[PDB]
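Written out below as C-alpha coordinates is the structure these notes cover.
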Amino acid sequence: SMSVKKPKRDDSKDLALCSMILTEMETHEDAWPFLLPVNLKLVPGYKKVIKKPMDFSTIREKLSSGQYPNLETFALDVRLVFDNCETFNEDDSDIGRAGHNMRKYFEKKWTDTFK
(Lines give C-alpha, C1' and ligand atoms only; values in the text may rest on other atoms or scores of the structure.)
Protein backbone atom coordinates (compact mmCIF):
# COMPACT_ATOMS: atom_id res chain seq x y z
CA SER A 1 0.00 0.00 0.00
CA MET A 2 1.17 3.64 0.25
CA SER A 3 4.82 3.77 1.43
CA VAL A 4 4.69 -0.07 2.05
CA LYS A 5 6.44 -2.16 -0.59
CA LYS A 6 7.40 -5.81 -0.95
CA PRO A 7 11.15 -6.24 -1.64
CA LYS A 8 12.19 -5.34 -5.32
CA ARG A 9 12.37 -8.52 -7.56
CA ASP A 10 15.20 -7.88 -10.08
CA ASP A 11 13.50 -7.44 -13.46
CA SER A 12 16.46 -5.86 -15.31
CA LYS A 13 17.24 -9.04 -17.35
CA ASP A 14 13.60 -9.89 -18.21
CA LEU A 15 13.83 -8.34 -21.72
CA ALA A 16 16.93 -10.34 -22.67
CA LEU A 17 15.63 -13.52 -21.18
CA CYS A 18 12.14 -13.23 -22.94
CA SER A 19 14.14 -12.63 -26.22
CA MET A 20 16.13 -15.83 -25.63
CA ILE A 21 13.02 -17.85 -24.94
CA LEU A 22 11.35 -16.41 -28.06
CA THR A 23 14.49 -17.35 -30.12
CA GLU A 24 14.22 -20.90 -28.88
CA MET A 25 10.50 -20.97 -29.84
CA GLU A 26 11.29 -19.46 -33.28
CA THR A 27 13.88 -22.18 -34.05
CA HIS A 28 11.86 -25.21 -32.81
CA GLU A 29 10.99 -27.53 -35.70
CA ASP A 30 7.28 -27.42 -34.83
CA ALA A 31 7.15 -23.58 -34.87
CA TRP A 32 6.13 -23.43 -38.57
CA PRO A 33 2.37 -22.89 -37.98
CA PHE A 34 3.18 -19.94 -35.66
CA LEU A 35 5.99 -17.99 -37.33
CA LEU A 36 3.78 -15.57 -39.30
CA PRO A 37 0.32 -14.10 -38.99
CA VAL A 38 -2.45 -16.37 -40.37
CA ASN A 39 -3.45 -14.97 -43.78
CA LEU A 40 -6.97 -13.70 -43.03
CA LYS A 41 -7.80 -13.41 -46.76
CA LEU A 42 -6.86 -17.04 -47.44
CA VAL A 43 -8.06 -18.98 -44.38
CA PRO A 44 -11.81 -19.14 -44.24
CA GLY A 45 -13.31 -18.69 -40.81
CA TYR A 46 -10.17 -17.29 -39.11
CA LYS A 47 -11.02 -13.66 -39.09
CA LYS A 48 -14.45 -14.13 -37.54
CA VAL A 49 -13.64 -16.86 -35.16
CA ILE A 50 -10.25 -15.75 -33.68
CA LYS A 51 -10.84 -12.43 -32.07
CA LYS A 52 -7.18 -11.76 -31.25
CA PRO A 53 -4.68 -13.27 -33.75
CA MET A 54 -1.13 -13.64 -32.47
CA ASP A 55 2.06 -15.18 -33.92
CA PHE A 56 5.78 -15.27 -33.07
CA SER A 57 6.75 -12.54 -35.56
CA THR A 58 4.20 -10.14 -34.05
CA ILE A 59 5.48 -10.99 -30.55
CA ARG A 60 9.05 -10.39 -31.77
CA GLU A 61 8.18 -6.94 -33.15
CA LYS A 62 6.21 -6.02 -29.95
CA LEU A 63 9.23 -7.19 -27.86
CA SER A 64 11.76 -5.21 -29.90
CA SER A 65 9.73 -1.97 -29.76
CA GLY A 66 8.87 -1.78 -25.99
CA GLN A 67 5.30 -2.78 -26.35
CA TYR A 68 5.45 -5.34 -23.42
CA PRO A 69 5.21 -3.50 -20.09
CA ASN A 70 6.35 -6.55 -18.18
CA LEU A 71 7.17 -10.28 -18.53
CA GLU A 72 3.54 -11.35 -17.83
CA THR A 73 2.09 -9.43 -20.77
CA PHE A 74 4.77 -11.26 -22.90
CA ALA A 75 3.62 -14.71 -21.56
CA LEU A 76 -0.03 -13.78 -22.25
CA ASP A 77 0.69 -13.24 -26.00
CA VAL A 78 2.73 -16.45 -26.24
CA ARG A 79 -0.16 -18.42 -24.60
CA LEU A 80 -2.63 -16.64 -26.93
CA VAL A 81 -0.81 -18.18 -29.91
CA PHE A 82 -1.52 -21.65 -28.42
CA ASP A 83 -5.02 -20.97 -27.29
CA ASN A 84 -5.90 -19.68 -30.74
CA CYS A 85 -4.37 -22.81 -32.27
CA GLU A 86 -6.56 -25.07 -30.04
CA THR A 87 -9.66 -23.04 -30.90
CA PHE A 88 -9.18 -23.58 -34.64
CA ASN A 89 -7.40 -26.92 -35.04
CA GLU A 90 -8.31 -30.48 -34.10
CA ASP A 91 -5.93 -32.07 -31.46
CA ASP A 92 -5.32 -34.88 -34.01
CA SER A 93 -3.87 -32.72 -36.86
CA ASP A 94 -0.32 -31.76 -37.48
CA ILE A 95 -0.96 -28.13 -36.49
CA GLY A 96 -3.02 -29.20 -33.40
CA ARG A 97 -0.12 -31.42 -32.23
CA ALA A 98 2.42 -28.65 -33.02
CA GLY A 99 0.51 -26.36 -30.71
CA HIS A 100 0.42 -28.73 -27.80
CA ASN A 101 4.14 -29.46 -28.21
CA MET A 102 5.09 -25.76 -28.40
CA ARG A 103 3.01 -24.86 -25.37
CA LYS A 104 4.76 -27.58 -23.37
CA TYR A 105 8.15 -26.41 -24.55
CA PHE A 106 7.34 -22.76 -23.72
CA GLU A 107 5.96 -23.50 -20.25
CA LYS A 108 9.02 -25.45 -19.17
CA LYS A 109 11.41 -22.67 -20.30
CA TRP A 110 9.18 -20.14 -18.54
CA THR A 111 9.30 -22.06 -15.19
CA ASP A 112 13.03 -22.82 -15.47
CA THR A 113 13.91 -19.22 -16.31
CA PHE A 114 11.63 -17.24 -13.91
CA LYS A 115 10.08 -19.62 -11.19
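As shown in the C-alpha coordinates, the chain order sets the letters A, B, ...; within each chain, residues go from 1, and ligands are also counted from 1 in the order they appear.
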What's the 7 Å shell around residue A:56, counting only C-alpha atoms, without same-chain residues fewer than 5 positions away, as a ChimeraX atom specification? /A:26,34-36
Show me, as a list in words, the residues that have an atom within 12 Å of stretch 45-51 of chain A when counting only C-alpha atoms, minus same-chain residues fewer than 6 positions from it. residues 37, 38, 39, 80, 81, 82, 83, 84, 85, 86, 87, 88 and 89 of chain A
Kindly save the residues from that selection, with N, CA and C atoms included, as a PDB file, in the first residue's frame.
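Okay, part35.pdb is ready:
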```pdb
ATOM      1  N   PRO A  37       1.761 -14.234 -39.138  1.00  0.00           N
ATOM      2  CA  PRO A  37       0.317 -14.102 -38.994  1.00  0.00           C
ATOM      3  C   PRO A  37      -0.467 -14.973 -39.989  1.00  0.00           C
ATOM      4  N   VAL A  38      -1.548 -15.570 -39.515  1.00  0.00           N
ATOM      5  CA  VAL A  38      -2.449 -16.370 -40.367  1.00  0.00           C
ATOM      6  C   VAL A  38      -2.982 -15.392 -41.400  1.00  0.00           C
ATOM      7  N   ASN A  39      -3.002 -15.828 -42.664  1.00  0.00           N
ATOM      8  CA  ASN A  39      -3.451 -14.972 -43.776  1.00  0.00           C
ATOM      9  C   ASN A  39      -5.003 -14.947 -43.752  1.00  0.00           C
ATOM     10  N   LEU A  80      -1.604 -16.954 -25.972  1.00  0.00           N
ATOM     11  CA  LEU A  80      -2.628 -16.638 -26.933  1.00  0.00           C
ATOM     12  C   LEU A  80      -2.402 -17.345 -28.258  1.00  0.00           C
ATOM     13  N   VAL A  81      -1.131 -17.456 -28.678  1.00  0.00           N
ATOM     14  CA  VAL A  81      -0.805 -18.182 -29.908  1.00  0.00           C
ATOM     15  C   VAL A  81      -1.347 -19.655 -29.769  1.00  0.00           C
ATOM     16  N   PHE A  82      -1.134 -20.258 -28.589  1.00  0.00           N
ATOM     17  CA  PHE A  82      -1.520 -21.649 -28.421  1.00  0.00           C
ATOM     18  C   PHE A  82      -2.966 -21.885 -28.192  1.00  0.00           C
ATOM     19  N   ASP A  83      -3.600 -20.979 -27.475  1.00  0.00           N
ATOM     20  CA  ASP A  83      -5.025 -20.968 -27.286  1.00  0.00           C
ATOM     21  C   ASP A  83      -5.788 -20.739 -28.554  1.00  0.00           C
ATOM     22  N   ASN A  84      -5.339 -19.807 -29.383  1.00  0.00           N
ATOM     23  CA  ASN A  84      -5.904 -19.683 -30.742  1.00  0.00           C
ATOM     24  C   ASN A  84      -5.791 -20.981 -31.549  1.00  0.00           C
ATOM     25  N   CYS A  85      -4.606 -21.583 -31.508  1.00  0.00           N
ATOM     26  CA  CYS A  85      -4.365 -22.805 -32.268  1.00  0.00           C
ATOM     27  C   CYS A  85      -5.362 -23.923 -31.840  1.00  0.00           C
ATOM     28  N   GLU A  86      -5.600 -24.056 -30.533  1.00  0.00           N
ATOM     29  CA  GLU A  86      -6.556 -25.068 -30.038  1.00  0.00           C
ATOM     30  C   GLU A  86      -8.001 -24.743 -30.418  1.00  0.00           C
ATOM     31  N   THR A  87      -8.350 -23.466 -30.459  1.00  0.00           N
ATOM     32  CA  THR A  87      -9.656 -23.037 -30.899  1.00  0.00           C
ATOM     33  C   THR A  87      -9.966 -23.446 -32.374  1.00  0.00           C
ATOM     34  N   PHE A  88      -8.980 -23.405 -33.241  1.00  0.00           N
ATOM     35  CA  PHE A  88      -9.184 -23.584 -34.644  1.00  0.00           C
ATOM     36  C   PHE A  88      -8.786 -24.923 -35.233  1.00  0.00           C
ATOM     37  N   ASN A  89      -8.031 -25.722 -34.478  1.00  0.00           N
ATOM     38  CA  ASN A  89      -7.404 -26.918 -35.037  1.00  0.00           C
ATOM     39  C   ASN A  89      -7.759 -28.130 -34.163  1.00  0.00           C
TER      40      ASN A  89
END
```
If you run DSSP on the backbone here, which positions in chain A get helix (DSSP H, G or I)? Please write them as a PyMOL selection string. chain A and resi 14-27+29-34+46-49+56-64+71-88+94-114
What is the distance, in Å and to one decimal place, between atom CA of residue A:14 and atom CA of residue A:70?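 Taking atom CA of residue A:14 and atom CA of residue A:70, their separation equals 8.0 Å.
Proximity to residue A:110 at 12 Å, evaluated using only C-alpha atoms and with sequence-adjacent residues fewer than 2 positions away removed, yields residues 14, 17, 18, 19, 20, 21, 22, 24, 25, 71, 72, 74, 75, 76, 78, 79, 103, 104, 105, 106, 107, 108, 112, 113, 114 and 115 of chain A.
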Mind dumping the selected residues with N, CA, C and O atoms as an mmCIF file, in the first residue's frame?
```cif
data_model
loop_
_atom_site.group_PDB
_atom_site.id
_atom_site.type_symbol
_atom_site.label_atom_id
_atom_site.label_comp_id
_atom_site.auth_asym_id
_atom_site.auth_seq_id
_atom_site.Cartn_x
_atom_site.Cartn_y
_atom_site.Cartn_z
ATOM 1 N N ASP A 14 14.835 -9.206 -17.710
ATOM 2 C CA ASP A 14 13.604 -9.892 -18.214
ATOM 3 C C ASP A 14 13.534 -9.785 -19.728
ATOM 4 O O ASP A 14 13.116 -10.785 -20.412
ATOM 5 N N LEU A 17 16.046 -12.146 -21.369
ATOM 6 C CA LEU A 17 15.631 -13.522 -21.182
ATOM 7 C C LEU A 17 14.321 -13.893 -22.034
ATOM 8 O O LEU A 17 14.229 -15.028 -22.532
ATOM 9 N N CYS A 18 13.333 -12.993 -22.052
ATOM 10 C CA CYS A 18 12.138 -13.230 -22.944
ATOM 11 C C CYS A 18 12.568 -13.356 -24.423
ATOM 12 O O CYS A 18 12.080 -14.264 -25.148
ATOM 13 N N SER A 19 13.524 -12.505 -24.841
ATOM 14 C CA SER A 19 14.137 -12.629 -26.220
ATOM 15 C C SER A 19 14.800 -13.998 -26.467
ATOM 16 O O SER A 19 14.572 -14.623 -27.486
ATOM 17 N N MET A 20 15.535 -14.541 -25.487
ATOM 18 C CA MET A 20 16.130 -15.831 -25.634
ATOM 19 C C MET A 20 15.106 -16.930 -25.728
ATOM 20 O O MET A 20 15.248 -17.828 -26.497
ATOM 21 N N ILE A 21 14.108 -16.899 -24.854
ATOM 22 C CA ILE A 21 13.017 -17.850 -24.939
ATOM 23 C C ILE A 21 12.319 -17.819 -26.334
ATOM 24 O O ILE A 21 12.054 -18.865 -26.895
ATOM 25 N N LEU A 22 12.054 -16.628 -26.822
ATOM 26 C CA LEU A 22 11.350 -16.408 -28.061
ATOM 27 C C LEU A 22 12.211 -16.975 -29.189
ATOM 28 O O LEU A 22 11.684 -17.718 -30.004
ATOM 29 N N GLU A 24 14.324 -19.479 -28.990
ATOM 30 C CA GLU A 24 14.216 -20.900 -28.878
ATOM 31 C C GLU A 24 12.876 -21.375 -29.465
ATOM 32 O O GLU A 24 12.810 -22.424 -30.069
ATOM 33 N N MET A 25 11.814 -20.597 -29.267
ATOM 34 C CA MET A 25 10.496 -20.972 -29.835
ATOM 35 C C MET A 25 10.528 -20.813 -31.359
ATOM 36 O O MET A 25 10.084 -21.756 -32.061
ATOM 37 N N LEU A 71 7.023 -8.901 -18.008
ATOM 38 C CA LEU A 71 7.172 -10.277 -18.526
ATOM 39 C C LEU A 71 5.812 -11.027 -18.592
ATOM 40 O O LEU A 71 5.667 -11.929 -19.405
ATOM 41 N N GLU A 72 4.815 -10.682 -17.768
ATOM 42 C CA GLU A 72 3.539 -11.347 -17.832
ATOM 43 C C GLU A 72 2.710 -11.011 -19.085
ATOM 44 O O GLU A 72 1.960 -11.857 -19.565
ATOM 45 N N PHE A 74 4.058 -10.465 -21.852
ATOM 46 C CA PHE A 74 4.765 -11.261 -22.905
ATOM 47 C C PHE A 74 4.213 -12.699 -22.880
ATOM 48 O O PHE A 74 3.778 -13.212 -23.897
ATOM 49 N N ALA A 75 4.104 -13.281 -21.682
ATOM 50 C CA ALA A 75 3.617 -14.708 -21.556
ATOM 51 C C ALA A 75 2.162 -14.829 -22.025
ATOM 52 O O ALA A 75 1.783 -15.856 -22.604
ATOM 53 N N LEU A 76 1.355 -13.780 -21.793
ATOM 54 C CA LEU A 76 -0.029 -13.777 -22.246
ATOM 55 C C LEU A 76 -0.129 -13.916 -23.801
ATOM 56 O O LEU A 76 -0.985 -14.633 -24.321
ATOM 57 N N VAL A 78 2.268 -15.148 -25.838
ATOM 58 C CA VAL A 78 2.728 -16.453 -26.239
ATOM 59 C C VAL A 78 1.560 -17.450 -26.072
ATOM 60 O O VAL A 78 1.282 -18.247 -26.942
ATOM 61 N N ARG A 79 0.920 -17.453 -24.889
ATOM 62 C CA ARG A 79 -0.159 -18.421 -24.595
ATOM 63 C C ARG A 79 -1.321 -18.210 -25.576
ATOM 64 O O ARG A 79 -1.954 -19.186 -25.966
ATOM 65 N N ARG A 103 3.494 -25.347 -26.640
ATOM 66 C CA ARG A 103 3.013 -24.858 -25.366
ATOM 67 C C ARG A 103 3.797 -25.516 -24.224
ATOM 68 O O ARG A 103 4.279 -24.824 -23.308
ATOM 69 N N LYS A 104 3.885 -26.849 -24.304
ATOM 70 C CA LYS A 104 4.761 -27.581 -23.366
ATOM 71 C C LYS A 104 6.184 -27.081 -23.310
ATOM 72 O O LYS A 104 6.730 -26.814 -22.234
ATOM 73 N N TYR A 105 6.845 -26.937 -24.465
ATOM 74 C CA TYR A 105 8.148 -26.413 -24.553
ATOM 75 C C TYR A 105 8.297 -25.016 -23.925
ATOM 76 O O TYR A 105 9.306 -24.721 -23.264
ATOM 77 N N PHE A 106 7.319 -24.140 -24.218
ATOM 78 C CA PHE A 106 7.343 -22.763 -23.719
ATOM 79 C C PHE A 106 7.232 -22.758 -22.158
ATOM 80 O O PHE A 106 8.053 -22.069 -21.492
ATOM 81 N N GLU A 107 6.311 -23.569 -21.632
ATOM 82 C CA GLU A 107 5.956 -23.498 -20.248
ATOM 83 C C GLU A 107 7.110 -23.994 -19.361
ATOM 84 O O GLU A 107 7.385 -23.407 -18.248
ATOM 85 N N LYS A 108 7.811 -25.025 -19.838
ATOM 86 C CA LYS A 108 9.025 -25.451 -19.167
ATOM 87 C C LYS A 108 10.118 -24.364 -19.141
ATOM 88 O O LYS A 108 10.714 -24.093 -18.064
ATOM 89 N N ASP A 112 11.608 -22.745 -15.724
ATOM 90 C CA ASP A 112 13.030 -22.816 -15.467
ATOM 91 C C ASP A 112 13.730 -21.476 -15.486
ATOM 92 O O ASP A 112 14.761 -21.336 -14.850
ATOM 93 N N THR A 113 13.220 -20.492 -16.232
ATOM 94 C CA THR A 113 13.907 -19.220 -16.313
ATOM 95 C C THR A 113 13.508 -18.254 -15.166
ATOM 96 O O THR A 113 14.324 -17.457 -14.761
ATOM 97 N N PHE A 114 12.250 -18.288 -14.733
ATOM 98 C CA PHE A 114 11.635 -17.244 -13.908
ATOM 99 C C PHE A 114 10.996 -17.760 -12.576
ATOM 100 O O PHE A 114 10.726 -16.951 -11.704
ATOM 101 N N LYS A 115 10.734 -19.063 -12.418
ATOM 102 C CA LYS A 115 10.076 -19.620 -11.190
ATOM 103 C C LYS A 115 11.024 -20.535 -10.364
ATOM 104 O O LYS A 115 12.254 -20.383 -10.408
#
```
Measuring atom to atom with only C-alpha atoms, identify which of A:55, A:10, A:90, A:77 is nearest to residue A:32.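 Result for the nearest residue to residue A:32: A:55.
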Minimum-distance residue to residue A:69, chosen among A:15, A:31, A:95, A:2 (using only C-alpha atoms):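 Using only C-alpha atoms, the shortest distance to residue A:69 belongs to A:15.
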